[PDB]
Every structure is written in structure tokens, then in C-alpha cells.
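S.K.: The structure is given below, and queries will be raised subsequently.
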Amino acid sequence: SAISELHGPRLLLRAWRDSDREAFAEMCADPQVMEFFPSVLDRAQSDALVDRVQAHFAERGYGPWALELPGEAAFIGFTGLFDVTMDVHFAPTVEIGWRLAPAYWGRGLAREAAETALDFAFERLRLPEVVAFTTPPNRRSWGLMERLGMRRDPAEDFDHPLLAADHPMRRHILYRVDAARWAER
Ligand SMILES: CC(C)(COP(=O)(O)OP(=O)(O)OC[C@H]1O[C@@H](n2cnc3c(N)ncnc32)[C@H](O)[C@@H]1OP(=O)(O)O)[C@@H](O)C(=O)NCCC(=O)NCCS
Ligand SMILES: [Zn+2]
């Protein structure tokens, strides 16, 4: 396979390692990290998530990269691209998502990771568009989407189809950025 690593000024976006699973599990168990998600995850659930990531990298050659901070930390979380195949109005497409350990918030690291992942999406993969979705309360998350230059149509708000019809977290907002908008920043 030989999954290609992506480099920013500060960040290394790399394939996941066994050593990552411990660090990622405490992130998944952190109520500040998982605040706008349905719940925190146990070790088994966190490992399942990593298995899905590795399987995504095996099939597609890209995925949510593990974020390394050379000269500081081996693992501060993930940022990158996931294929959207679920039954939503904007499928099929590619989504960008991110999760940082709280110690690394407020540093522009999610921004830098996301810019590196989108550079890849538009320059190497040459995708027409990348989406991002989150819940309205998760201001840190859609705050990053709009600072990245992604734009929301409130009319494109949707109920996540892999949650229950009456799930309290069901309502998601959609941000989009196309090759043209990304190149124009
Ligand atoms: C969503 C999340 C990744 C955002 O991370 P973040 O660190 O807030 O985002 P950025 O990398 O853009 O950093 C922005 C902050 O750094 C500051 N900053 C400092 N130096 C900066 C730099 N060089 N570049 C950019 N921002 C910089 C900005 O002013 C801003 O400060 P503020 O948040 O207090 O206003 C993070 O809150 C998180 O992991 N949350 C939990 C997981 C989650 O919900 N993910 C979304 C799933 S839908
Ligand atoms: Zn959600």
C-alpha cells in the first residue's frame, strides 16, 4: 500500500500506528472532545473507529490522517478526508473532519491540518468538492469550516440518516468548498 504522508509547517498527517490507539482512546473518552457527539466512547468503540480508518486508507489511499506534531507530540488527534456513501442529499462526495486533544485547541493546528488535507483533496486527488457537517451548537467546528473558506446553505441542513429520526443530535448543517472556491482563497 505505502500510504503517502502529508506535511504542513508544524503538522505531519500520517497513517495510524498501534501506539496511536492509547492516545486516541483517551480523546474518545474525553467529554470535552466528545461534547457535541451522542456520547463518549469506550476503548472497544475507539478501536472500531481506528479499524474503519485503516480500512478507508486500504481501499482509497486517503483517510482521516493521524496528526503528528514533530518536535512536540507523536499524536494530537486526526484530520482528513472520508468518502460520503450514506443516504444524504449531497452523496456521493468526500467529507473533511477533525478531532484534536483539548491541550492543542486555540493554536490553529486544526486549521493547518485541514488546509493540508484540502490541498491534497484539490491538488493531488483533484476532487470537484469537499463537504463538512456538524451540529449547530458545535461552534468551534463550523467556525473552522467558515475560516477554511467553506460556505453553508442553511436550506441544506439535514437529519443524519445513521442516527434515529428523533435523535437529539440528528440535525446537522452542511458546509461545502469546491476546487474553484479553494483555489480562489
Ligand atoms: C473542532 C476543533 C478541531 C477546532 O479546533 P481549534 O483549535 O478551535 O481550531 P483552529 O485550529 O482553527 O484554531 C482556532 C483558534 O486558534 C487561534 N489561533 C492561534 N494561532 C493561530 C494560527 N496560527 N492559525 C489559526 N488560528 C490560530 C484562533 O484565534 C482561534 O482561537 P479561538 O478558538 O479561541 O477563537 C476542536 O475544537 C475539536 O477537536 N473539537 C472536538 C472534536 C469535534 O467536535 N470535532 C468536530 C466533529 S463534527
Ligand atoms: Zn454529528
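Ordering of the C-alpha cells sets the chain letters (A, B, ...); residue numbers start at 1 within each chain; ligands are numbered from 1 in the order shown.
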What are the DSSP strand (DSSP E or B) residues of stretch 10-150 of chain A, as number ranges by chain?
M.R.: A: 12-14, 64-69, 73-84, 93-100, 129-134
S.K.: Write the residues you've just listed into a file as an mmCIF file, in the first residue's frame, and include N, CA and C atoms for each of them.
M.R.:
data_model
loop_
_atom_site.group_PDB
_atom_site.id
_atom_site.type_symbol
_atom_site.label_atom_id
_atom_site.label_comp_id
_atom_site.auth_asym_id
_atom_site.auth_seq_id
_atom_site.Cartn_x
_atom_site.Cartn_y
_atom_site.Cartn_z
ATOM 1 N N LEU A 12 2.490 16.802 10.786
ATOM 2 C CA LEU A 12 2.658 15.625 9.911
ATOM 3 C C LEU A 12 1.333 14.854 9.911
ATOM 4 N N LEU A 13 0.691 14.742 8.750
ATOM 5 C CA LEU A 13 -0.524 13.911 8.553
ATOM 6 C C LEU A 13 -0.059 12.547 8.046
ATOM 7 N N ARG A 14 -0.209 11.508 8.864
ATOM 8 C CA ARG A 14 0.357 10.168 8.567
ATOM 9 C C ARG A 14 -0.703 9.097 8.784
ATOM 10 N N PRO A 64 -8.854 9.943 7.286
ATOM 11 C CA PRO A 64 -8.551 10.890 8.352
ATOM 12 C C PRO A 64 -7.146 10.571 8.881
ATOM 13 N N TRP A 65 -6.155 11.375 8.486
ATOM 14 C CA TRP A 65 -4.745 11.150 8.889
ATOM 15 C C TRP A 65 -4.615 11.371 10.397
ATOM 16 N N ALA A 66 -3.793 10.558 11.065
ATOM 17 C CA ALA A 66 -3.269 10.839 12.423
ATOM 18 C C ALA A 66 -2.381 12.094 12.353
ATOM 19 N N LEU A 67 -2.572 13.049 13.271
ATOM 20 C CA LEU A 67 -1.817 14.331 13.309
ATOM 21 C C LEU A 67 -0.636 14.179 14.264
ATOM 22 N N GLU A 68 0.566 14.232 13.715
ATOM 23 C CA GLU A 68 1.828 14.236 14.483
ATOM 24 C C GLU A 68 2.292 15.690 14.523
ATOM 25 N N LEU A 69 2.834 16.097 15.654
ATOM 26 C CA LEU A 69 3.454 17.428 15.814
ATOM 27 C C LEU A 69 4.950 17.229 16.018
ATOM 28 N N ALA A 73 4.750 16.372 19.892
ATOM 29 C CA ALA A 73 3.933 15.186 20.254
ATOM 30 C C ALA A 73 3.754 14.233 19.063
ATOM 31 N N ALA A 74 3.648 12.944 19.361
ATOM 32 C CA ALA A 74 3.514 11.883 18.336
ATOM 33 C C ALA A 74 2.076 11.879 17.803
ATOM 34 N N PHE A 75 1.092 12.167 18.660
ATOM 35 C CA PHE A 75 -0.347 12.071 18.294
ATOM 36 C C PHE A 75 -1.157 13.139 19.019
ATOM 37 N N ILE A 76 -1.793 14.041 18.262
ATOM 38 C CA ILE A 76 -2.671 15.087 18.864
ATOM 39 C C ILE A 76 -4.103 14.921 18.347
ATOM 40 N N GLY A 77 -4.354 13.886 17.540
ATOM 41 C CA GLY A 77 -5.688 13.550 17.020
ATOM 42 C C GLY A 77 -5.635 13.272 15.532
ATOM 43 N N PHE A 78 -6.731 13.523 14.821
ATOM 44 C CA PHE A 78 -6.825 13.261 13.363
ATOM 45 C C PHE A 78 -7.458 14.468 12.659
ATOM 46 N N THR A 79 -7.152 14.602 11.372
ATOM 47 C CA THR A 79 -7.858 15.464 10.396
ATOM 48 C C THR A 79 -7.688 14.841 9.010
ATOM 49 N N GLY A 80 -8.764 14.806 8.224
ATOM 50 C CA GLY A 80 -8.666 14.419 6.809
ATOM 51 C C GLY A 80 -9.990 13.983 6.232
ATOM 52 N N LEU A 81 -9.897 13.213 5.150
ATOM 53 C CA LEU A 81 -10.974 13.048 4.150
ATOM 54 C C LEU A 81 -11.586 11.656 4.308
ATOM 55 N N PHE A 82 -12.906 11.589 4.214
ATOM 56 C CA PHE A 82 -13.709 10.348 4.287
ATOM 57 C C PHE A 82 -14.760 10.398 3.180
ATOM 58 N N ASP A 83 -14.935 9.293 2.455
ATOM 59 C CA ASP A 83 -15.945 9.189 1.376
ATOM 60 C C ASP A 83 -17.322 9.190 2.039
ATOM 61 N N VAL A 84 -18.245 9.997 1.518
ATOM 62 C CA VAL A 84 -19.665 10.021 1.970
ATOM 63 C C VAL A 84 -20.451 9.092 1.037
ATOM 64 N N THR A 93 -19.887 12.030 -2.207
ATOM 65 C CA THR A 93 -18.890 13.130 -2.117
ATOM 66 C C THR A 93 -17.817 12.718 -1.114
ATOM 67 N N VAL A 94 -16.918 13.651 -0.810
ATOM 68 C CA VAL A 94 -15.830 13.473 0.197
ATOM 69 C C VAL A 94 -16.070 14.503 1.300
ATOM 70 N N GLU A 95 -16.048 14.058 2.558
ATOM 71 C CA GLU A 95 -16.152 14.951 3.741
ATOM 72 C C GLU A 95 -14.760 15.143 4.341
ATOM 73 N N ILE A 96 -14.537 16.309 4.948
ATOM 74 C CA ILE A 96 -13.358 16.576 5.817
ATOM 75 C C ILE A 96 -13.867 16.589 7.260
ATOM 76 N N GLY A 97 -13.113 15.990 8.181
ATOM 77 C CA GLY A 97 -13.383 16.087 9.628
ATOM 78 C C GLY A 97 -12.120 16.059 10.454
ATOM 79 N N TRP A 98 -12.261 16.404 11.727
ATOM 80 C CA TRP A 98 -11.134 16.749 12.630
ATOM 81 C C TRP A 98 -11.548 16.496 14.072
ATOM 82 N N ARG A 99 -10.552 16.127 14.867
ATOM 83 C CA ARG A 99 -10.679 15.854 16.312
ATOM 84 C C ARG A 99 -9.283 16.072 16.902
ATOM 85 N N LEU A 100 -9.150 17.064 17.777
ATOM 86 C CA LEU A 100 -7.872 17.386 18.468
ATOM 87 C C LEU A 100 -8.055 17.185 19.970
ATOM 88 N N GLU A 129 -15.221 18.780 -5.174
ATOM 89 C CA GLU A 129 -15.764 19.423 -3.951
ATOM 90 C C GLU A 129 -15.433 18.580 -2.722
ATOM 91 N N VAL A 130 -15.341 19.226 -1.564
ATOM 92 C CA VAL A 130 -15.265 18.555 -0.232
ATOM 93 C C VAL A 130 -16.324 19.190 0.666
ATOM 94 N N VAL A 131 -17.016 18.370 1.443
ATOM 95 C CA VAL A 131 -18.068 18.845 2.378
ATOM 96 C C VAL A 131 -17.557 18.675 3.806
ATOM 97 N N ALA A 132 -18.246 19.297 4.743
ATOM 98 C CA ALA A 132 -18.087 19.131 6.202
ATOM 99 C C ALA A 132 -19.456 19.341 6.835
ATOM 100 N N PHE A 133 -19.812 18.502 7.796
ATOM 101 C CA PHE A 133 -21.098 18.629 8.521
ATOM 102 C C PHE A 133 -20.831 18.494 10.019
ATOM 103 N N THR A 134 -21.621 19.220 10.803
ATOM 104 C CA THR A 134 -21.551 19.283 12.283
ATOM 105 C C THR A 134 -22.914 19.747 12.785
#
S.K.: Can you tell me which residues surround stretch 31-43 of chain A at a distance of at most 12 Å, considering only C-alpha atoms, apart from same-chain residues fewer than 6 positions away, and format the answer as a ChimeraX atom specification?
M.R.: /A:21-25,49-50,76-77,98-105,134-142,160,162-164,167-172
S.K.: Which residue out of A:148, A:53, A:11, A:48 has the minimum interatomic distance to ligand 1 when only C-alpha atoms and all ligand atoms are used?
M.R.: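 Using only C-alpha atoms and all ligand atoms, the shortest distance to ligand 1 belongs to A:148.
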S.K.: Using DSSP assignments from the backbone, pull out every residue in stretch 7-174 of chain A that falls under alpha helix (DSSP H) and give it to me as a ChimeraX atom specification.
M.R.: /A:20-28,43-60,109-119,139-147
S.K.: For a quick check of understanding, using only C-alpha atoms and all ligand atoms, which of A:107, A:151, A:10, A:124 has the smallest distance to ligand 1?
M.R.: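 Among the listed residues, A:107 lies closest to ligand 1.
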S.K.: Quote the spacing between atom CA of residue A:15 and atom CA of residue A:118 in Å to one decimal place.
M.R.: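 Between atom CA of residue A:15 and atom CA of residue A:118 the gap works out to 16.7 Å.
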S.K.: So the first atom is atom 3 (C, counted along the ligand's line) of ligand 1 and the second is atom CA of residue A:122; what is the distance between them in Å, to one decimal place?
M.R.: 20.7 Å
S.K.: Kindly give the distance, in Å, that separates atom CA of residue A:45 and atom CA of residue A:16, rounded to a single decimal.
M.R.: 16.1 Å
S.K.: Name the closest residue to residue A:3 among the candidates A:46, A:85, A:19, A:54; distances are taken between atoms, counting only C-alpha atoms.
M.R.: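 Under the stated criterion, the closest residue is A:54.
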S.K.: Compare A:8, A:128, A:61, A:108 by their minimum atom-to-atom distance to residue A:179, counting only C-alpha atoms, and give me the closest one.
M.R.: A:128
